[PDB]
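Here is the structure we will look at, set down as structure tokens.
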Amino acid sequence: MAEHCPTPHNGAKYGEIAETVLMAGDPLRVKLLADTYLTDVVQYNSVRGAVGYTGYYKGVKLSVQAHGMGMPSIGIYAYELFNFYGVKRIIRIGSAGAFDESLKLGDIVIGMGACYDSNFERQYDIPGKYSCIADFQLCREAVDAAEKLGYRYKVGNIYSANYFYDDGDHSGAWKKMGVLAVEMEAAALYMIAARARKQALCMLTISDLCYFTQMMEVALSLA
Amino acid sequence: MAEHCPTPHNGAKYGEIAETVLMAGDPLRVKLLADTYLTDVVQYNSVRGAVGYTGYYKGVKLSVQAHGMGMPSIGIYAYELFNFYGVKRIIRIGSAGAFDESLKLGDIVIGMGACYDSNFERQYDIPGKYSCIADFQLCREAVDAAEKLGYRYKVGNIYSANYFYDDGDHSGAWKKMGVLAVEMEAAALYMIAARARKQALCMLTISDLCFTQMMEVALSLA
Amino acid sequence: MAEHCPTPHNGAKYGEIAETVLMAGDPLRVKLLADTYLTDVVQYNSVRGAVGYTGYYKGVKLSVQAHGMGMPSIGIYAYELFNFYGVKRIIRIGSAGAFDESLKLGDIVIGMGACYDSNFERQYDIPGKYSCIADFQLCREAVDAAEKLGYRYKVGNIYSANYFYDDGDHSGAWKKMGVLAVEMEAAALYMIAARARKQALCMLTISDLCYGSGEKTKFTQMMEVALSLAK
Amino acid sequence: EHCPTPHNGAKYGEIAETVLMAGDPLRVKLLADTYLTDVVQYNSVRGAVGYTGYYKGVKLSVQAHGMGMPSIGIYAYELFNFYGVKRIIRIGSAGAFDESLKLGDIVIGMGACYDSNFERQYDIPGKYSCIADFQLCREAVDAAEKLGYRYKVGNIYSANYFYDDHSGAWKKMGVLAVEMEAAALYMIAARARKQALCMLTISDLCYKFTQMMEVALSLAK
Amino acid sequence: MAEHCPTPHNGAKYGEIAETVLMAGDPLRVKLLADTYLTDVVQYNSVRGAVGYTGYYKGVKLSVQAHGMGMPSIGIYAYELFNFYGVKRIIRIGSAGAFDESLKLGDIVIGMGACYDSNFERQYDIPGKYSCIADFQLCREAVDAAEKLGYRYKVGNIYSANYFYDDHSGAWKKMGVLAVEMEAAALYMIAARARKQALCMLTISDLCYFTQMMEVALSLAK
Amino acid sequence: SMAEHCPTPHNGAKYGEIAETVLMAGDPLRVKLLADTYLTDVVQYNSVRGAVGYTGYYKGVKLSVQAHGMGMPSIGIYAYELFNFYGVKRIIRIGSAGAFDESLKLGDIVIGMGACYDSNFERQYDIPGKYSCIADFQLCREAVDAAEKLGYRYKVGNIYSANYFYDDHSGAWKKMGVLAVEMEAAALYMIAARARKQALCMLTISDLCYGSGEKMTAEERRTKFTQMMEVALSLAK
């Protein structure tokens, strides 16, 4: 297992990356979160510009990494982290636009399951429709933590799309189906976690209504 | 709306079926839960065999109903209960064959999510892949009860198939994907609940490898 | 295969079920047909309320049985009947909504074929699109009987839907394609029969009109046609 | 106002209410020479010769349709929608999937499995089953029975390719025989509310035209 | 090779068909081109009414034949030509309707790519979406020719439809597809699969909003 | 070309700062190397998400170079913006690829006349059939001319835009004559067509997906992409 490190996308040696990785798309947010919350910060990756740091938050060892944009981008990083680097738990953190009209800006969405456009599923030769879900233990602790620090949260279904810019109007059906917010990464993360028998959770803060450090604290309490 | 009750599939009048319904496939099993766990029992449905009872369990009014076999069947019932009879919570109970090799017989599986073959998803004109999930609050309440009442349980993904009898084998990929157990109803329920903004949980007892204990876990969620 | 009888869905022993089984979704409709048309009736199944009876009609032994609603439900029963109980012929008799505007309430519809929403064709691993068809001989015998008894009937395509309540309007394209009536079970039955090399036919009475104002005891004429096909 | 078309040379009325089609322009010319009186060519375009004559009194036309579902699609549509054809009977050779079919047996396509044709053009929200018209079907079985010919009636499969292991599941399902044209015809006739049947003589096994020509012509009205 | 000639669709003996075939649907266009441009004209095929001709263009061997209508039809001929007759190039020449508003009647369209309705892609067992492209060399040579002779042309994507009679043109137009016909894609697929060369060129005859082509095509004689 | 929408959430550049030709690679490091190596009067216009972008001059002609991340949704975002907000005319992608075709050697350039693909965003275009993703023909022809004239080993044909890096589904692609696998082309091609602009994806073979599976020496993956850059650069106008 350690034999396949480093990877073509990650310059770190085995053991260099903690058992709990927090991930965001932005390397600037990853670089910030590390500087803001972690002592003894050590950079393990810079390959592909995708920074990764290991450090300490309230005693527990913890790593952060950027994942770039889209299911195939996160797909690569997650696969390596789980299958090559002995990662047990990934929590993704990022921004989202809301489909649920009752959501206010700055609300925390917890991705219990993820709808998606086609990405990885065809690689698994699955003879039906596969539902992407987060790890329940992780999901539960985020809800507990969210309700402890008194933050407005919503827990349920999200949609990992392939587009940022819709050509037509497609948000209709998802909205009717009760999908909460749109992003572009979660479903691949869930699929990869499932296949690895590992823990994964996606958490989102609402940045655009389609009708920020507060989220980080919830995430951090999960390490 | 009360206007649409009775339905062609349910002879109960509006108000007669409580806000929490506990469902199972077998009408005989439903009658056992009623005769066993419920006081002041009144039969509200006998249409097409699918019996339905309303009564009391530790103070709260609570109803139990049969749903037949397969997604279109639970589909019809779940739709009417959510959309006509003002039901807010359906917790489904049943037996299942295990895909996860770590499961023992009599284990309780909690359906956080449901894989499925096509049913009436195409009826919702969804421009992508929809994922059927249970209501989180119910899910947590069951996980709480399982860890409270000291029972072996796993929580996660299940598969609602359209067949009981396979031609060849298709269980391989599901097992590779970490699907916990196979049944035939959950996905439609979750899907229909989501569309109504209503609560739904599917809870399974392992009968096959590829009962009273579970009923209590359910009853604690009403 | 006597070894697999009884099943988890059927408490009948091998040989307790006749070689021709008529099926309806409603267990109450089943119990009526048995009381109205059959003599020497024995109940063979009560499992899951899916009542089944064996009896005689004009000398010929036959069974009648409930299947519940939906393709996976009939799928379970038909599979066992064809493969475990040695059944040769299944005739489904049900209600249906009219797509064809010349059909009136009470008209019989004979389903030479069935369009469908996905049931378990993907489980058969079919590399293309499968057309579900009834047995020709049964089909022919039904039309003849309807002709001889002078009941208004249509013979053609029907649609096996997975939904009862449409979340919109999907009926249009079907109606354009000459589909006669909608129901919920046939395609799965046809498919399973084909695979077993046995005989299936689904016959319907129009109980609802899915056009015009929607106008919503007459199931008797259909039971007679079905009953005549028993061998 | 629609006749002639860019694929069919005839003006309206030149084609009878019953048409019989085969793939090969020779079998079409033969059929006329063999069974028809007062034969007249209506079509010459694309080399798809059409003939109008009389069989035992009744007006009848015979015509080539080329190869594949899109090809038959073009003629069948034109025939049904512009020319007022009521009945179309395809007569073809085919290869047997069913082990018990022997060479020269008649198969009558009550139903047709398919590779994707122009179903996608009809906006059908589900799987559509292509069925033959029941009446022609009943008449052909009766005719085969009365004349004492070996025949089977059931499902056939309209493939998009001639040269291929895509057959196992088809065989498993009891499909009798493979050809390339039936399904599109069934769809178009259904869509037009008209009558269609595809009958085949078994020429190959995948494991005597005259007799079939006779069954066919008895379907003319 | 030799033991498959003639075939049950093509009556020609091996060698009787040149290394470059030009194909069209209308058997009239096939005979006319031979009569117009070729020396030493000899007919080979007559089966199915699919006339075939081998002669000389400017001192190289060249054949011309009909392919009927539809991807299944061209599929049969292109397959046989490529795999049994040792053909190396097939250039289809045809009429087509314009999607692109800027295309004028008589303009040449060169099919660098073909969009399609399902043909027999399903036959190859392809686990993704396959793009049908032309051979680059023939494609580039046809442009050079269109330039040197100064005829109006565009090069881009075309769409090989299964139907002649329909309104599904909108999204195709949005995607910048140049024109519709019925044969190109299957031709591209079979050529690709056989590691040989294929190009479809079309004269615009309809607007959905032949000699000048022949010369460009013949210039691809080798 | 819509000045109102610039900068974007993914691109900090104002309108006019990005040239009419943009060359694109996945790695921000390779992009910076290309700029330092071939361009003069270089200005950085973007640093958002580490998606570095530079504008400079090559033999007199203004052009831009930019990181596009990994995957079709990633290139999709950038190409969409460049084509539709920045007034870009030409996008040439230049990447590494694995060889499916057995006659290809490590170092060979592959010109993607067409791109097969796993579903990206074709479903958002509501296309009622199967869509073939093609390069712009002029750009394609210009790349072949340049390679032939410069005498570099090249092959032009079909490529495959996979959605996965870690898979044996490759066989059917191989039988269909697909040359090489990468991860971005189909989306770029798709977006160009819809915009009516020009795209081309060029690749260097860094991995052989057959035989012993010889992969490029650590030096060459950072140093043998030179010849392809020279071809790509010559296409700038």
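Here, A, B, ... name the chains of the structure tokens in the order displayed, residue numbers run from 1 inside each chain, and ligands are numbered from 1 in the same displayed order.
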Near-residue D:47 list (12 Å; only C-alpha atoms; drop same-chain fewer than 5 positions) as a ChimeraX atom specification
/D:7-9,23-26,28-29,41-42,63-66 /E:25-30,46-51,66-69
Write out the residues from the selection above, keeping C-alpha atoms, as a tab-separated table (two decimals), in the first residue's frame.
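out_20.tsv, written as the output of this step:
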chain	number	residue	atom	x	y	z
D	7	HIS	CA	-37.97	7.82	-53.40
D	8	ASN	CA	-41.16	6.63	-55.09
D	9	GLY	CA	-42.05	7.61	-58.66
D	23	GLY	CA	-35.66	-6.73	-49.86
D	24	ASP	CA	-34.55	-8.11	-53.26
D	25	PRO	CA	-35.80	-6.39	-56.48
D	26	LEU	CA	-35.58	-9.82	-58.18
D	28	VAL	CA	-40.31	-8.51	-56.29
D	29	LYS	CA	-40.15	-8.81	-60.11
D	41	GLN	CA	-44.63	-0.75	-63.12
D	42	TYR	CA	-45.36	2.34	-61.03
D	63	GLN	CA	-42.31	-3.51	-54.19
D	64	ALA	CA	-38.67	-3.54	-53.05
D	65	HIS	CA	-37.66	-1.87	-49.73
D	66	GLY	CA	-33.88	-2.09	-49.63
E	25	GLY	CA	-27.41	6.30	-52.62
E	26	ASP	CA	-29.07	7.11	-55.95
E	27	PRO	CA	-27.96	4.46	-58.49
E	28	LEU	CA	-28.52	7.14	-61.15
E	29	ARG	CA	-25.68	9.31	-59.78
E	30	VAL	CA	-23.42	6.23	-59.77
E	46	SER	CA	-25.94	-6.20	-60.13
E	47	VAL	CA	-27.35	-7.96	-57.02
E	48	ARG	CA	-29.98	-6.06	-54.99
E	49	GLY	CA	-30.01	-3.65	-57.95
E	50	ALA	CA	-26.83	-2.15	-56.45
E	51	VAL	CA	-24.95	-1.26	-59.65
E	66	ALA	CA	-24.71	2.43	-54.86
E	67	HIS	CA	-25.30	1.92	-51.11
E	68	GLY	CA	-29.06	2.26	-50.67
E	69	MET	CA	-30.57	4.35	-47.85
Select residues of chain C: the criterion is any atom within 12 Å of an atom of chain A, counting only C-alpha atoms; output as a PDB file with N, CA and C atoms, in the first residue's frame.
ATOM      1  N   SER C 118     -39.513   0.194 -17.113  1.00  0.00           N
ATOM      2  CA  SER C 118     -38.531  -0.852 -16.796  1.00  0.00           C
ATOM      3  C   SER C 118     -38.954  -1.701 -15.611  1.00  0.00           C
ATOM      4  N   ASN C 119     -39.098  -3.000 -15.852  1.00  0.00           N
ATOM      5  CA  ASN C 119     -39.259  -3.946 -14.766  1.00  0.00           C
ATOM      6  C   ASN C 119     -37.939  -4.692 -14.550  1.00  0.00           C
ATOM      7  N   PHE C 120     -37.877  -5.956 -14.956  1.00  0.00           N
ATOM      8  CA  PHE C 120     -36.657  -6.754 -14.811  1.00  0.00           C
ATOM      9  C   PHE C 120     -36.062  -7.257 -16.134  1.00  0.00           C
ATOM     10  N   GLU C 121     -36.317  -6.551 -17.236  1.00  0.00           N
ATOM     11  CA  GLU C 121     -35.645  -6.870 -18.497  1.00  0.00           C
ATOM     12  C   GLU C 121     -34.103  -6.768 -18.388  1.00  0.00           C
ATOM     13  N   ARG C 122     -33.605  -5.800 -17.608  1.00  0.00           N
ATOM     14  CA  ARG C 122     -32.147  -5.605 -17.401  1.00  0.00           C
ATOM     15  C   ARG C 122     -31.520  -6.790 -16.665  1.00  0.00           C
ATOM     16  N   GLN C 123     -32.331  -7.472 -15.868  1.00  0.00           N
ATOM     17  CA  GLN C 123     -31.945  -8.714 -15.208  1.00  0.00           C
ATOM     18  C   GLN C 123     -31.852  -9.901 -16.201  1.00  0.00           C
ATOM     19  N   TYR C 124     -32.569  -9.825 -17.325  1.00  0.00           N
ATOM     20  CA  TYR C 124     -32.395 -10.797 -18.414  1.00  0.00           C
ATOM     21  C   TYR C 124     -31.181 -10.468 -19.294  1.00  0.00           C
ATOM     22  N   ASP C 125     -30.575  -9.307 -19.045  1.00  0.00           N
ATOM     23  CA  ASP C 125     -29.380  -8.840 -19.765  1.00  0.00           C
ATOM     24  C   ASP C 125     -29.584  -8.747 -21.289  1.00  0.00           C
ATOM     25  N   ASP C 167     -47.436  11.965 -12.230  1.00  0.00           N
ATOM     26  CA  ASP C 167     -46.960  13.254 -11.749  1.00  0.00           C
ATOM     27  C   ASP C 167     -46.818  14.195 -12.944  1.00  0.00           C
TER      28      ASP C 167
END
Could you tell me which residues of chain E sit within 12 Å of chain D when counting only C-alpha atoms, and give me the result as a ChimeraX atom specification?
/E:7-9,24-30,46-51,66-80,83,95,116-125,160-169,181-183,186,190
If the cut-off is 9 Å, can you tell me the residues of chain A near chain F, counting only C-alpha atoms? I'd like them as number ranges by chain.
A: 25-29, 47-50, 68-76, 79, 117-120, 122-124, 161-170, 184
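The part of chain A that reaches within 6 Å of chain B is made up of residues 115, 116, 117, 126, 128, 129, 130, 131, 173, 177, 178, 194 and 195 of chain A, counting only C-alpha atoms.
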With C-alpha atoms kept, could you save the residues just selected as a short mmCIF file (atom, residue, chain, number, x, y, z; two decimals), in the first residue's frame?
data_model
loop_
_atom_site.label_atom_id
_atom_site.label_comp_id
_atom_site.auth_asym_id
_atom_site.auth_seq_id
_atom_site.Cartn_x
_atom_site.Cartn_y
_atom_site.Cartn_z
CA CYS A 115 -27.56 13.31 -6.61
CA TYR A 116 -25.22 13.63 -9.59
CA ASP A 117 -24.70 13.73 -13.34
CA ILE A 126 -23.35 -1.30 -11.52
CA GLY A 128 -28.89 -0.32 -11.51
CA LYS A 129 -29.19 3.16 -10.13
CA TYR A 130 -26.64 3.71 -7.30
CA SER A 131 -27.45 6.16 -4.49
CA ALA A 173 -36.83 18.68 -11.25
CA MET A 177 -37.41 16.36 -5.59
CA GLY A 178 -36.39 18.38 -2.52
CA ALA A 194 -18.25 3.49 -0.21
CA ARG A 195 -15.96 1.39 -2.38
#
Pairwise distance for atom CA of residue D:21 and atom CA of residue D:96, rounded to one decimal in Å:
20.5 Å
If the cut-off is 12 Å, can you tell me the residues of chain B near chain D, counting only C-alpha atoms? I'd like them as an NGL selection string.
:B and (118-125 or 167-168)
Residue selection dump (N, CA and C atoms) as a PDB file, in the first residue's frame:
ATOM      1  N   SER B 118     -34.965   0.851 -12.090  1.00  0.00           N
ATOM      2  CA  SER B 118     -35.929   1.854 -12.508  1.00  0.00           C
ATOM      3  C   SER B 118     -37.349   1.461 -12.124  1.00  0.00           C
ATOM      4  N   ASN B 119     -38.060   2.413 -11.544  1.00  0.00           N
ATOM      5  CA  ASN B 119     -39.492   2.300 -11.335  1.00  0.00           C
ATOM      6  C   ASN B 119     -40.153   3.528 -11.977  1.00  0.00           C
ATOM      7  N   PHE B 120     -40.659   4.431 -11.144  1.00  0.00           N
ATOM      8  CA  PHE B 120     -41.268   5.664 -11.604  1.00  0.00           C
ATOM      9  C   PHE B 120     -40.397   6.892 -11.298  1.00  0.00           C
ATOM     10  N   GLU B 121     -39.073   6.728 -11.324  1.00  0.00           N
ATOM     11  CA  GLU B 121     -38.190   7.897 -11.327  1.00  0.00           C
ATOM     12  C   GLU B 121     -38.389   8.677 -12.632  1.00  0.00           C
ATOM     13  N   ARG B 122     -38.541   7.944 -13.739  1.00  0.00           N
ATOM     14  CA  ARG B 122     -38.762   8.541 -15.053  1.00  0.00           C
ATOM     15  C   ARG B 122     -40.057   9.353 -15.053  1.00  0.00           C
ATOM     16  N   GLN B 123     -40.925   9.080 -14.078  1.00  0.00           N
ATOM     17  CA  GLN B 123     -42.165   9.836 -13.935  1.00  0.00           C
ATOM     18  C   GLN B 123     -41.901  11.261 -13.427  1.00  0.00           C
ATOM     19  N   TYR B 124     -40.704  11.492 -12.881  1.00  0.00           N
ATOM     20  CA  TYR B 124     -40.352  12.786 -12.291  1.00  0.00           C
ATOM     21  C   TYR B 124     -39.436  13.630 -13.173  1.00  0.00           C
ATOM     22  N   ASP B 125     -39.176  13.142 -14.386  1.00  0.00           N
ATOM     23  CA  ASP B 125     -38.379  13.861 -15.401  1.00  0.00           C
ATOM     24  C   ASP B 125     -37.050  14.432 -14.859  1.00  0.00           C
ATOM     25  N   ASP B 167     -31.878 -13.919 -12.711  1.00  0.00           N
ATOM     26  CA  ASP B 167     -31.452 -14.720 -13.857  1.00  0.00           C
ATOM     27  C   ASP B 167     -29.961 -14.424 -14.006  1.00  0.00           C
ATOM     28  N   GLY B 168     -29.140 -15.433 -13.725  1.00  0.00           N
ATOM     29  CA  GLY B 168     -27.707 -15.225 -13.511  1.00  0.00           C
ATOM     30  C   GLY B 168     -27.495 -14.569 -12.153  1.00  0.00           C
TER      31      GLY B 168
END
From stretch 8-194 of chain C, collect each residue whose DSSP state is helix (DSSP H, G or I) and return the set as a ChimeraX atom specification.
/C:27-37,47-49,71-83,136-149,171-176,186-194
Next, write the just-selected residues to a file, as a PDB file, in the first residue's frame, keeping C-alpha atoms as the atom set.
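Full text of result_33.pdb as output:
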ATOM      1  CA  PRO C  27     -57.990 -10.942  -3.665  1.00  0.00           C
ATOM      2  CA  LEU C  28     -61.676 -10.139  -3.274  1.00  0.00           C
ATOM      3  CA  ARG C  29     -62.289 -10.371  -7.043  1.00  0.00           C
ATOM      4  CA  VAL C  30     -60.502 -13.787  -6.959  1.00  0.00           C
ATOM      5  CA  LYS C  31     -62.717 -15.128  -4.174  1.00  0.00           C
ATOM      6  CA  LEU C  32     -65.779 -14.007  -6.194  1.00  0.00           C
ATOM      7  CA  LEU C  33     -64.767 -15.805  -9.434  1.00  0.00           C
ATOM      8  CA  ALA C  34     -64.160 -18.985  -7.472  1.00  0.00           C
ATOM      9  CA  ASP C  35     -67.570 -18.769  -5.743  1.00  0.00           C
ATOM     10  CA  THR C  36     -69.374 -17.772  -8.948  1.00  0.00           C
ATOM     11  CA  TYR C  37     -67.805 -20.115 -11.508  1.00  0.00           C
ATOM     12  CA  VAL C  47     -49.855 -16.492   2.521  1.00  0.00           C
ATOM     13  CA  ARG C  48     -49.747 -12.667   2.354  1.00  0.00           C
ATOM     14  CA  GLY C  49     -53.520 -12.621   1.675  1.00  0.00           C
ATOM     15  CA  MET C  71     -44.943  -5.823 -12.134  1.00  0.00           C
ATOM     16  CA  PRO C  72     -42.590  -7.036  -9.467  1.00  0.00           C
ATOM     17  CA  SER C  73     -45.588  -8.476  -7.608  1.00  0.00           C
ATOM     18  CA  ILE C  74     -46.949 -10.522 -10.557  1.00  0.00           C
ATOM     19  CA  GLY C  75     -43.301 -11.309 -11.384  1.00  0.00           C
ATOM     20  CA  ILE C  76     -42.893 -13.237  -8.166  1.00  0.00           C
ATOM     21  CA  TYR C  77     -46.115 -15.225  -8.582  1.00  0.00           C
ATOM     22  CA  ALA C  78     -45.818 -15.964 -12.279  1.00  0.00           C
ATOM     23  CA  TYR C  79     -42.202 -17.062 -11.890  1.00  0.00           C
ATOM     24  CA  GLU C  80     -43.121 -19.647  -9.262  1.00  0.00           C
ATOM     25  CA  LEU C  81     -46.219 -20.807 -11.157  1.00  0.00           C
ATOM     26  CA  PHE C  82     -44.391 -21.447 -14.444  1.00  0.00           C
ATOM     27  CA  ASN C  83     -41.202 -22.845 -12.889  1.00  0.00           C
ATOM     28  CA  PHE C 136     -50.740 -16.220 -30.001  1.00  0.00           C
ATOM     29  CA  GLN C 137     -52.901 -19.314 -29.491  1.00  0.00           C
ATOM     30  CA  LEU C 138     -54.454 -17.927 -26.291  1.00  0.00           C
ATOM     31  CA  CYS C 139     -54.866 -14.570 -27.995  1.00  0.00           C
ATOM     32  CA  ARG C 140     -56.737 -16.119 -30.883  1.00  0.00           C
ATOM     33  CA  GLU C 141     -58.957 -18.226 -28.680  1.00  0.00           C
ATOM     34  CA  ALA C 142     -59.918 -15.091 -26.739  1.00  0.00           C
ATOM     35  CA  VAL C 143     -60.908 -13.127 -29.833  1.00  0.00           C
ATOM     36  CA  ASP C 144     -62.949 -16.086 -31.119  1.00  0.00           C
ATOM     37  CA  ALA C 145     -64.820 -16.406 -27.834  1.00  0.00           C
ATOM     38  CA  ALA C 146     -65.508 -12.668 -27.701  1.00  0.00           C
ATOM     39  CA  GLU C 147     -66.698 -12.812 -31.322  1.00  0.00           C
ATOM     40  CA  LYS C 148     -68.954 -15.847 -30.635  1.00  0.00           C
ATOM     41  CA  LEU C 149     -70.397 -14.341 -27.438  1.00  0.00           C
ATOM     42  CA  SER C 171     -50.026   9.470 -21.770  1.00  0.00           C
ATOM     43  CA  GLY C 172     -49.880  11.521 -24.978  1.00  0.00           C
ATOM     44  CA  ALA C 173     -47.036   9.760 -26.762  1.00  0.00           C
ATOM     45  CA  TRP C 174     -48.570   6.355 -25.968  1.00  0.00           C
ATOM     46  CA  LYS C 175     -51.961   7.351 -27.291  1.00  0.00           C
ATOM     47  CA  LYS C 176     -50.321   8.575 -30.518  1.00  0.00           C
ATOM     48  CA  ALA C 186     -48.830  -7.469 -18.123  1.00  0.00           C
ATOM     49  CA  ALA C 187     -45.361  -6.882 -19.485  1.00  0.00           C
ATOM     50  CA  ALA C 188     -43.683  -8.670 -16.571  1.00  0.00           C
ATOM     51  CA  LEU C 189     -45.994 -11.683 -17.023  1.00  0.00           C
ATOM     52  CA  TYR C 190     -45.432 -11.829 -20.781  1.00  0.00           C
ATOM     53  CA  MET C 191     -41.652 -11.612 -20.266  1.00  0.00           C
ATOM     54  CA  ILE C 192     -41.529 -14.385 -17.666  1.00  0.00           C
ATOM     55  CA  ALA C 193     -43.687 -16.670 -19.818  1.00  0.00           C
ATOM     56  CA  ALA C 194     -41.471 -16.153 -22.863  1.00  0.00           C
TER      57      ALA C 194
END
Name the residues in contact with residue E:19 at a cut-off of 10 Å, using only C-alpha atoms, excluding same-chain residues fewer than 3 positions from it; report them as a ChimeraX atom specification.
/E:15-16,60-63,81-82,85-90,221-222
Counting only C-alpha atoms, what is within 6 Å of stretch 61-76 of chain B, bar same-chain residues fewer than 3 positions away, as a ChimeraX atom specification?
/B:18,20-27,50-56,79,184-185,188 /C:69-70,72-73,162
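Looking only at stretch 56-105 of chain C, the set that DSSP places in strand (DSSP E) from backbone geometry is residues 56, 57, 60, 61, 62, 63, 64, 65, 66, 89, 90, 91, 92, 93, 94, 95, 96, 97 and 98 of chain C.
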Same residues, C-alpha atoms, output as an mmCIF file, in the first residue's frame:
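For reference, selection_39.cif as written:
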data_model
loop_
_atom_site.group_PDB
_atom_site.id
_atom_site.type_symbol
_atom_site.label_atom_id
_atom_site.label_comp_id
_atom_site.auth_asym_id
_atom_site.auth_seq_id
_atom_site.Cartn_x
_atom_site.Cartn_y
_atom_site.Cartn_z
ATOM 1 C CA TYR C 56 -63.663 -27.001 -11.840
ATOM 2 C CA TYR C 57 -65.426 -25.104 -14.599
ATOM 3 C CA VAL C 60 -62.011 -28.650 -16.512
ATOM 4 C CA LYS C 61 -59.746 -28.179 -13.470
ATOM 5 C CA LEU C 62 -58.346 -24.674 -12.916
ATOM 6 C CA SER C 63 -56.889 -22.345 -10.365
ATOM 7 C CA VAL C 64 -57.540 -18.708 -9.608
ATOM 8 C CA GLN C 65 -55.141 -16.493 -7.659
ATOM 9 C CA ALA C 66 -54.391 -12.986 -6.510
ATOM 10 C CA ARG C 89 -51.200 -21.224 -18.978
ATOM 11 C CA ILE C 90 -51.682 -17.981 -17.080
ATOM 12 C CA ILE C 91 -54.514 -15.641 -17.996
ATOM 13 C CA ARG C 92 -54.605 -12.330 -16.225
ATOM 14 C CA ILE C 93 -57.963 -10.615 -15.998
ATOM 15 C CA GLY C 94 -58.038 -7.011 -14.816
ATOM 16 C CA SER C 95 -59.268 -3.409 -15.020
ATOM 17 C CA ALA C 96 -57.607 -0.790 -17.190
ATOM 18 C CA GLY C 97 -57.888 2.832 -18.285
ATOM 19 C CA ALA C 98 -58.751 3.549 -21.919
#
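The space between atom CA of residue D:11 and atom CA of residue D:192 spans 20.0 Å.
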Kindly assemble as a tab-separated table a list of the chain C residues that lie within 12 Å of chain E, each paired with its nearest atom pair and their distance in Å to one decimal, using only C-alpha atoms, sorted first by chain and then by ascending residue number.
residue	atom	partner	partner_atom	distance
C:126	CA	E:122	CA	11.6
C:127	CA	E:122	CA	7.8
C:128	CA	E:122	CA	8.3
C:129	CA	E:122	CA	11.6
Once you count only C-alpha atoms, what closest atom pair and distance in Å to one decimal does each residue of chain F within 12 Å of chain D have, with rows by chain and rising residue number, as JSON lines?
{"residue": "F:127", "atom": "CA", "partner": "D:120", "partner_atom": "CA", "distance": 11.5}
{"residue": "F:128", "atom": "CA", "partner": "D:120", "partner_atom": "CA", "distance": 7.7}
{"residue": "F:129", "atom": "CA", "partner": "D:120", "partner_atom": "CA", "distance": 8.2}
{"residue": "F:130", "atom": "CA", "partner": "D:120", "partner_atom": "CA", "distance": 11.4}
Written selection (N, CA and C atoms) as a compact mmCIF listing (two decimals), in the first residue's frame:
# COMPACT_ATOMS: atom_id res chain seq x y z
N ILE F 127 -29.34 17.09 -26.09
CA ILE F 127 -29.14 16.56 -27.44
C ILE F 127 -29.83 15.20 -27.65
N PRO F 128 -30.79 15.12 -28.61
CA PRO F 128 -31.63 13.93 -28.80
C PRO F 128 -30.97 12.82 -29.64
N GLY F 129 -29.71 12.52 -29.36
CA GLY F 129 -28.99 11.53 -30.14
C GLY F 129 -27.57 11.49 -29.63
N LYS F 130 -26.69 10.85 -30.40
CA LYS F 130 -25.31 10.70 -29.99
C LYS F 130 -24.47 11.80 -30.64
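When only C-alpha atoms are used to compute distances to chain D, the closest of the residues C:68, C:111, C:150, C:106 turns out to be C:111.
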